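The chain below stands alone and is given as structure tokens, in the form solved without its partner chain.
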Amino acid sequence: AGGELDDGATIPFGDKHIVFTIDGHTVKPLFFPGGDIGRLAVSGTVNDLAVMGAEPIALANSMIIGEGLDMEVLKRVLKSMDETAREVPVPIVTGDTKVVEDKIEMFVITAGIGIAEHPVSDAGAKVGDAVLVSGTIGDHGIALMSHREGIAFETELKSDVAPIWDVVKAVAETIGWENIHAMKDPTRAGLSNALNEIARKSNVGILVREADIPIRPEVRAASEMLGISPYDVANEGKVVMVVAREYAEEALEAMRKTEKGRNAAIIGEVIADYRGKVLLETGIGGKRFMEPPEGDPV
């Protein structure tokens, strides 16, 4: 229907499925530990396509730049975008650039198209499935917030920004797309939002063992100083994947064999009770609902 969840849309095309997504990027500063707005723009789009089971086919880039922006800054961002797309690889086939008088530096908006031979969505989780994350959680958002507050560590806290279509493909090549039941790119509102979307869209409950969520020591420390949970901030180089129970170990091992999935872990399982909710277990057995950041409860 003409005219006007926001993770990407699927469009049937004859026998196959085209996935279409768009995302704007307004990160400030433009460069951060581990990356920059250019790498972020390419990685986020690629990751949004990957979690829908779509091989990236093309990216389109719109840049809005302020008149006062130094040409060298622009060149560095373009070089990063080009390099990041080449890691996939996926061509940047078209774009647009606008200059404004406004006192901004640069915004980058990327759209992407992918083709999914075997579509995956956040609505396909099944009871008994294992819930995996491809690596440490909270790195991107905590690294950027930390830098902004002048918080620094011996081992520099960096963003994990990177395209992870390779991590997703590694699992599919091992266990088959049919055994990957759901995925989500844990960007806005982080891991907690991602898990709640899968629980609600698949109409299943999710039980997560808190101790099993991989969190770097530096991220745990910084998040305590910042007063925010690492489960609630953006990740930019991770995937949440729900897989058939009998293939959980194989999927875990496939991810761990990739450089970007080295720290992958099984963090929970899909259940038949509290459908639509995510329950978090403490080491001692304590349980509470894992709610996306903001409202509630008591």
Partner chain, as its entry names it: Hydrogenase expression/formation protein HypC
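Residue numbers count along the first chain shown, from 1.
Keep in mind that the form solved in complex with its partner chain is missing from the display, and what follows is about it.
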So, a 4.5 angstroms cut-off on heavy atom distances: do all three of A170, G176 and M255 pass it with respect to its partner chain in the bound PDB entry? no
Using a 4.5 Å heavy atom cut-off, which stretch among 117-125, 133-141, 194-202, 221-229 contacts its partner chain in the bound PDB entry? 221-229
Answer option from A189, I151, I213, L207, heavy atom within 4.5 Å of its partner chain in the bound PDB entry: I151
Counting only heavy atoms, which residues in 202-217 are within 4.5 Å of its partner chain in the bound PDB entry? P217
